[PDB]
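A.B. asks: Structure in structure tokens, see below.
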Amino acid sequence: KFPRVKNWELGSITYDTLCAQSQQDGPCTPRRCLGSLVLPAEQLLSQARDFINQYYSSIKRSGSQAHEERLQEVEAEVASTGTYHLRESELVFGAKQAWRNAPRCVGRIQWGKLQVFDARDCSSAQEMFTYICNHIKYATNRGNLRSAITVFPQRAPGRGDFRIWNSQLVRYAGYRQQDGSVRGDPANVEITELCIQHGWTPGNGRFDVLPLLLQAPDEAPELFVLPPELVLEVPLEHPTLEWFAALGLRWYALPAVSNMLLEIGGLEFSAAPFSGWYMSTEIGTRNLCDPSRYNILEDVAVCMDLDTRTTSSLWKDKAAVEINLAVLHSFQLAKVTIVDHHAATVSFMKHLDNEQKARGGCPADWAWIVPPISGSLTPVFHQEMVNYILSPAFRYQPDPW
Amino acid sequence: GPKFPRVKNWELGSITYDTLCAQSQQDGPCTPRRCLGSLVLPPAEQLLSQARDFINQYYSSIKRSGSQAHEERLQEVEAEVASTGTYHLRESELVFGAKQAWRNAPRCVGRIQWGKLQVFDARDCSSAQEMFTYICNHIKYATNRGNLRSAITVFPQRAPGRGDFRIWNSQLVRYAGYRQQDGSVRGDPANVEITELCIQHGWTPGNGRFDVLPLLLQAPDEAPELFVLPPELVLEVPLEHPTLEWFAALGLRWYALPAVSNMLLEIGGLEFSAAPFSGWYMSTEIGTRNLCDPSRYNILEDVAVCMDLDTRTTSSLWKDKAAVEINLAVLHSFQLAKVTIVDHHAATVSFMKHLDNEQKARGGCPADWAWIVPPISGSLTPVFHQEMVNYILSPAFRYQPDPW
Ligand code: HEM
Ligand code: HEM
Ligand SMILES: Cc1cc(N)nc(CCc2cccc(CCc3cc(C)nc(N)c3)n2)c1
Ligand SMILES: Cc1cc(N)nc(CCc2cccc(CCc3cc(C)nc(N)c3)n2)c1
Ligand SMILES: C[C@H](O)[C@H](O)[C@H]1CNc2nc(N)[nH]c(=O)c2N1
Ligand SMILES: C[C@H](O)[C@H](O)[C@H]1CNc2nc(N)[nH]c(=O)c2N1
Ligand SMILES: [Zn+2]
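Protein chains in written order, with PDB author numbering: chain B, 69 to 108, 122 to 482; chain A, 67 to 108, 121 to 482.
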């Protein structure tokens, strides 16, 4: 009923009553455990009501008439339209809760701090881009990054979704040239050709910042060049290895995830983008030396000076380390918020902790909390965790086309 | 699609379907309403079925499924369990029974070498003492002057209305950890509760750090006896680093052979209570679990101090600068001493190749992702970008209640 959750570093034995809330199921079954897998009217009121109780409880005003005369209002609204709309305050609480509820997210200690720009008063892709510059301008805060989420209108069935066509407001470009080899970012290959398709002058630099494809409910998407000025790019240097930056490397400073769906009390917003700040490894481990991506490992080391004739030689580790460090130093230098996998993990164990007090636990995808490198070297690694689907929650959806 | 688990490799974009999981006659903790994947600690008529489950595998493995040979092996255990209550396995039935447990077991990265396994049959051992002899014999084959082979040494099974053979020492090689007055420990924080028993069962401790414990060898309804390994058998690797000379001086040593020995091996509804198996290490085990864990040898601080590292803040990556070196230096030692060992990269490759191989024979492979992926440099390795399907198959090495 309530899974015993020993931590193995301290001997800390905790118990989860939060799961019993999760009213919506996942990939695992009694006989097999798909833990590691990457992807998956009558009922609307059901989720409305509950969420609205979720809400009022927060501000402790649960029960009181305001409560029930909103439960009055939403009950009727759907009973006469098919759908309902959330007040500002309501979606603020909800968008927050989605973050709080996302089990792949190590950066959760921070969920309280979140700006919730309300873009539901938008109807043109030409307003969209604007609503997004006001987002990027507020989050970048020219160094001191701040966590925020601009939310475009809800989906309603008689028509298309508003969508952002690229999977992170900022991404570098990808250019497969006869060779079957890519200049720039190989993830962002499929996307870049679409911008070429829907009219775009392409670049060729290792890191060319892209445009923006925004589509409004039924309508050919529209291209919008991000004012270069508004894109905080971080040069990349090594604190002790002078040879480095000659490599000509960098990364953007703002991680805005645009391709996800937001679910609140049943209502779903297809486009609702959001952006905190980077966790070192993300850039220097995955986004770089990872083959399926920038894949730098080899050079880094050939430079460094390490026997790639053999793996046991351990060049791949010694290389990451320095790239993963060469990132923090640059970032800390160029004075741009950034949190390292160690700094990160401690604080989550405090989240993990603080949450246990409030709610009776916190769902967490273990296989994802644990950093991409040096696992055993973080506290999270030695901590059993439970992951289950809650709500309001962030979900994936089909690539717009 | 195919009404079966669907397993993608997010590096080659390949897919594969698990058909084998519908073999698992054992459920785990996970329900579709939450996932306890992370979690560490997890008759007669209802024994007889467990048995038939086995034989059928044995036969449909020599490929004689259907024969009289088969249909009368089943018409004999039915006879044995009927009149006995238990049932003894035939010779090569067991040898099979072991390799399957290994093959079946979800947390073991080292399964490409799965059919190498030597089965030493010791189902005749009836003296607490004789046990020692076997074990000793094992180590010498297993050690092989350093060319470590794999192997296992089944001692007899349980009877309803008998005692149990048991090997107390969780592992056959355990470094003594003496509770200090400091409130601290000199030795190996893990092997304390056991060091503490050796003393109560009559062991005079030395007081080093890498003292080798003695074995506490139980035999049914007999208080365990105490045996010391002749040091010539217990091969030991001093630790140095290829560049950092000072490393050597840390005094750090470590032992070649892992032998797990407090695990119940279950074949066909049988229980082998003392059933100890060995192989060779994977560097990170020693250099990350053993020598770096905050609650073991935890050398990470001392080592970072020497490489002259800003251990004041985490954004110097001192920890990551250290482990890496410490993990390397551990490999560079078995290079040198000509002792067997496999590094995470090398190892995590064979796994895919095992996975690839196994997709053909069984059409599936049980894998406990968290345990398959190495405690340094996850993404750095192939296994990392691979979805996996954990589940309970038999033969099976089970966890077992410690005797006292
Ligand atoms: C403040 C800085 C933050 C850090 C350091 C952080 C950390 C992370 C990391 C490392 C991941 C895994 C990303 C990956 O490897 O794919 C993640 C996942 C996630 N994060 Fe954050 N996070 C932060 C803020 C946020 C914010 C502001 C939101 C938006 C409300 C958010 C929502 C999510 C969601 C929904 C996932 C699930 C990943 C998925 O299933 O695709 N995070 N978080
Ligand atoms: C050939 C050399 C081998 C290597 C390199 C290897 C590697 C590993 C490693 C690294 C682990 C996880 C260790 C941990 O983090 O605690 C493991 C688990 C395991 N291994 Fe092996 N292994 C080898 C041989 C064997 C053999 C010979 C057996 C016995 C037949 C075996 C049975 C198991 C079992 C049952 C587990 C998981 C048990 C559990 O904790 O639930 N392995 N293996
Ligand atoms: C806020 C935030 C903070 C932070 N430190 N890092 C990120 C970027 C990493 C990330 C976080 C959350 C979700 C995704 C999208 C992953 C994804 C999933 C699918 C199904 N398809 C894709 N193309 C991409 N990426 C975002
Ligand atoms: C052959 C072998 C090869 C190799 N590379 N590593 C090991 C050691 C890792 C291991 C493999 C299998 C089982 C266990 C035991 C886990 C355990 C359980 C309990 C109950 N207490 C413990 N202290 C440890 N440990 C053994
Ligand atoms: C196949 C595997 O499940 C997948 O690559 C996961 C594993 N763990 C991860 N952990 C983090 N932090 N980020 C990730 O993208 C992933 N990817
Ligand atoms: C709590 C945590 O899940 C557990 O202790 C696991 C994590 N991953 C591991 N992975 C390996 N290889 N070995 C381990 O002991 C562990 N410990
Ligand atoms: Zn699971």
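Note that beta-carbon positions come from the ideal geometry of N, C-alpha and C, so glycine has one too.
1) Nearest by alpha-carbon distance to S457 (chain B): which of A:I419, A:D398, A:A268, A:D242 is it?
2) Can you give, in chain order, each stretch of the beta strand (DSSP E) that sits fully within the segment 325-354 of chain A and has at least 3 residues?
3) How far does the alpha helix (DSSP H) with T221 (chain A) in it extend, from its first residue to its last?
4) Just to confirm, does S104 (chain A) get its C-beta within under 7 Å of one of the non-hydrogen atoms of ligand 6?
5) Please state if the CB of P71 (chain B) and the CB of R244 (chain B) are separated by a distance shorter than 8 Å.
6) Let me know the secondary structure DSSP gives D480 (chain A) once reduced to three states.
7) Going by C-alpha distance, which of B:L107, B:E349, B:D84, B:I404 is nearest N376 (chain B)?
8) Are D388 (chain A) and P184 (chain A) closer than 8 Å when you measure CB to CB?
9) CB-CB under 6 Å to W76 (chain A), same chain, minus the five flanking residues each way: which ones, in chain order?
10) Touching or not, the segment 199-207 of chain A and the segment 295-307 of chain A, by the rule of three or more beta carbon pairs under 8 Å?
11) Answer yes if the segment 412-430 of chain A comes into contact with the segment 218-237 of chain A, meaning at least three C-beta pairs across the two stretches below 8 Å, and no otherwise.
12) Does DSSP classify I230 (chain B) as helix, strand or coil?
13) May I have the straight-line CA-CA distance separating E363 (chain B) from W396 (chain B), to the nearest angstrom?
14) When you compare only the Cα positions, how much space is there between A401 (chain A) and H166 (chain B)?
15) Look at the Cβ atom of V408 (chain A), then the Cβ atom of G442 (chain A), and state whether they are nearer than 8 Å.
16) Give the straight-line distance between the Cα atoms of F198 (chain B) and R257 (chain A), rounded to the nearest whole angstrom.
17) Near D380 (chain A), which residues of its chain fall below 8 Å by C-beta distance, leaving aside the five closest residues on each side in sequence?
18) Taking buried to mean at least 16 other C-beta atoms within 10 Å of its own C-beta, is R142 (chain B) buried or exposed?
19) Do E465 (chain B) and ligand 2 come close, with the Cβ less than 7 Å from some heavy atom?
20) Flag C276 (chain A) as yes when its Cβ comes closer than 7 Å to any non-hydrogen atom of ligand 7, and as no otherwise.
21) Just to confirm my understanding: we take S104 (chain B), look at its own chain, exclude 5 residues before and 5 after, and list those with CB closer than 8 Å. What are they?
22) Buried or exposed: which applies to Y469 (chain A), given that a residue is buried once 16 or more other Cβ atoms fall within 10 Å of its Cβ?
23) Return the chain-ordered list of same chain residues with a C-beta closer than 7 Å to the C-beta of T82 (chain A), the five sequence neighbours on each side being excluded.
24) Beta strand (DSSP E) containing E300 (chain A): first to last residue?
25) Could you tell me the alpha carbon to alpha carbon distance between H422 (chain A) and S356 (chain B), rounded to whole angstroms?
26) Taking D371 (chain B) as the reference, which of B:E154, B:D260, B:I454, B:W246 has the closest Cα?
27) Go ahead and label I217 (chain A) buried or exposed: buried means 16 or more other beta carbons lie within 10 angstroms of its beta carbon, across all protein chains shown.
28) With which residues is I245 (chain B) paired in a DSSP beta bridge?
29) Go through its chain and collect everything with a Cβ distance to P95 (chain A)'s Cβ below 7 Å, but skip five positions before and after it.
30) Please indicate yes or no: does the CB of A448 (chain A) lie closer than 7 Å to some heavy atom of ligand 6?
31) What number of angstroms, rounded off, separates the C-alpha of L152 (chain A) from the C-alpha of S228 (chain A)?
32) Hey, is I230 (chain B) close to ligand 1, as in C-beta under 7 Å from one of its heavy atoms?
33) Could you give the first and the last residue of the continuous alpha helix (DSSP H) run that contains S393 (chain A)?
34) Drop a sphere of 10 angstroms on the beta-carbon of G346 (chain A), count the other beta-carbons inside from all chains shown, and report buried for 16 or more, exposed for fewer.
35) Cβ of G103 (chain B) less than 8 Å from any chain A Cβ?
36) With DSSP as the reference, identify every bridge partner of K74 (chain A), one or two as the case may be.
C.D. replies: Answer, in terms of the structure:
1) The residue you call residue 457 (chain B) lines up with position 376 of the first sequence. Ranking the options by Cα distance to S457 (chain B), first place goes to A:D398.
2) Here the runs fully enclosed are 331-333, 341-344.
3) The residue you call residue 221 (chain A) lines up with position 143 of the second sequence. Note, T221 (chain A): alpha helix (DSSP H), 206-221.
4) In the second sequence, the residue the question calls residue 104 (chain A) occupies position 38. Indeed, a heavy atom of ligand 6 lies less than 7 Å from the Cβ.
5) If you number the first sequence from 1, residue 244 (chain B) lands on position 163. If you number the first sequence from 1, residue 71 (chain B) lands on position 3. With contacts defined as CB atoms closer than 8 Å, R244 (chain B) and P71 (chain B) fail to qualify as a contacting pair.
6) The count along the second sequence starts at 1 and reaches residue 480 (chain A) at position 402. For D480 (chain A), the three-state secondary structure derived from DSSP is coil.
7) As a first step, residue 376 (chain B) must be located in the first sequence, where it is residue number 295. Measuring C-alpha to C-alpha distances from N376 (chain B) to each of B:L107, B:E349, B:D84, B:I404 identifies B:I404 as the nearest.
8) Counting from one through the second sequence, the residue named residue 388 (chain A) turns up at place 310. Counting from one through the second sequence, the residue named residue 184 (chain A) turns up at place 106. Against a cut-off of 8 Å, the Cβ pair of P184 (chain A) and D388 (chain A) comes out as no contact.
9) If you number the second sequence from 1, residue 76 (chain A) lands on position 10. Within the same chain, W76 (chain A) has close Cβ partners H463.
10) Touching, yes.
11) Cβ pair count under 8 Å is three or more, so yes.
12) By one-based count along the first sequence, residue 230 (chain B) stands at place 149. Note: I230 (chain B) maps to strand in three-state DSSP.
13) The count along the first sequence starts at 1 and reaches residue 363 (chain B) at position 282. The count along the first sequence starts at 1 and reaches residue 396 (chain B) at position 315. Answer to the nearest angstrom: the Cα atoms are 20 Å apart.
14) Translated into the one-based positions of the second sequence, residue 401 (chain A) becomes position 323. Translated into the one-based positions of the first sequence, residue 166 (chain B) becomes position 85. Cα to Cα, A401 (chain A) sits roughly 53 Å from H166 (chain B).
15) Counted from its first residue, the second sequence places residue 408 (chain A) at position 330. Counted from its first residue, the second sequence places residue 442 (chain A) at position 364. With respect to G442 (chain A), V408 (chain A) sits apart: the two C-beta atoms are not nearer than 8 Å.
16) In the first sequence, counting from the first residue as 1, residue 198 (chain B) sits at position 117. In the second sequence, counting from the first residue as 1, residue 257 (chain A) sits at position 179. Spanning the two alpha carbons is a distance of roughly 58 Å.
17) As a first step, residue 380 (chain A) must be located in the second sequence, where it is residue number 302. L328.
18) For the purposes of this step, residue 142 (chain B) is identified with residue 61 of the first sequence, where counting begins at 1. Within a 10 Å sphere around the beta-carbon of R142 (chain B) sit fewer than 16 other beta-carbons, which makes this residue exposed.
19) As a position in the first sequence, residue 465 (chain B) is number 384, starting the count at 1. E465 (chain B) Cβ: outside cutoff for every heavy atom of ligand 2.
20) Position 198 of the second sequence, counted from the start, is the residue given in the question as residue 276 (chain A). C276 (chain A) Cβ: outside cutoff for every heavy atom of ligand 7.
21) Here residue 104 (chain B) is taken as the residue at index 36 of the first sequence, counted from 1. Taking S104 (chain B) as the centre and dropping the five residues before and after it, the same chain places the C-beta of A448 closer than 8 Å to its C-beta, in chain order.
22) Start at 1 with the first residue of the second sequence, and residue 469 (chain A) comes out as number 391. Around the beta carbon of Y469 (chain A), a 10 Å sphere encloses 16 or more other beta carbons of the protein chains shown; the residue is thus reported as buried.
23) The residue you call residue 82 (chain A) lines up with position 16 of the second sequence. So the qualifying residues of the chain are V73, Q437.
24) On the second sequence, position 222 is the one that residue 300 (chain A) refers to. 300-305 is the extent of the beta strand (DSSP E) around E300 (chain A).
25) Residue 422 (chain A) sits at position 344 when you count from the first residue of the second sequence. Residue 356 (chain B) sits at position 275 when you count from the first residue of the first sequence. Their Cα atoms are separated by approximately 35 Å.
26) Along the first sequence, one-based indexing puts residue 371 (chain B) at 290. Ranking the options by Cα distance to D371 (chain B), first place goes to B:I454.
27) Walking along the second sequence from the start, residue 217 (chain A) turns up at place 139. Residue environment for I217 (chain A): buried (at least 16 other C-beta atoms within 10 angstroms of its C-beta).
28) Looking up residue 245 (chain B) in the first sequence gives position 164. The beta-bridge partner set that DSSP reports for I245 (chain B) consists of B:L295.
29) Here residue 95 (chain A) is taken as the residue at index 29 of the second sequence, counted from 1. Taken in chain order, the residues that qualify are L102, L105, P108.
30) Start at 1 with the first residue of the second sequence, and residue 448 (chain A) comes out as number 370. For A448 (chain A), the shortest separation between its Cβ and any heavy atom of ligand 6 lies below 7 Å.
31) Taking the second sequence and counting its residues from 1, the one referred to as residue 152 (chain A) is at position 74. Taking the second sequence and counting its residues from 1, the one referred to as residue 228 (chain A) is at position 150. Distance between the alpha carbons of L152 (chain A) and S228 (chain A): 31 Å.
32) One-based indexing of the first sequence puts residue 230 (chain B) at position 149. Within the chosen limit of 7 Å, ligand 1 reaches the beta carbon of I230 (chain B) through at least one heavy atom.
33) Working through the second sequence from its first residue, we reach residue 393 (chain A) at position 315. No alpha helix (DSSP H) holds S393 (chain A); DSSP gives it neither H nor E.
34) Here residue 346 (chain A) corresponds to residue number 268 of the second sequence, with the count starting at 1. The C-beta of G346 (chain A) has 16 or more other C-beta atoms within 10 Å across all chains shown, which makes the residue buried.
35) Counting from 1 along the first sequence, the entry for residue 103 (chain B) is found at position 35. Judged by the 8 Å Cβ criterion, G103 (chain B) is in contact with chain A.
36) In the second sequence, the residue the question calls residue 74 (chain A) occupies position 8. Checking the DSSP bridge columns, you'll see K74 (chain A) partnered with A:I81.
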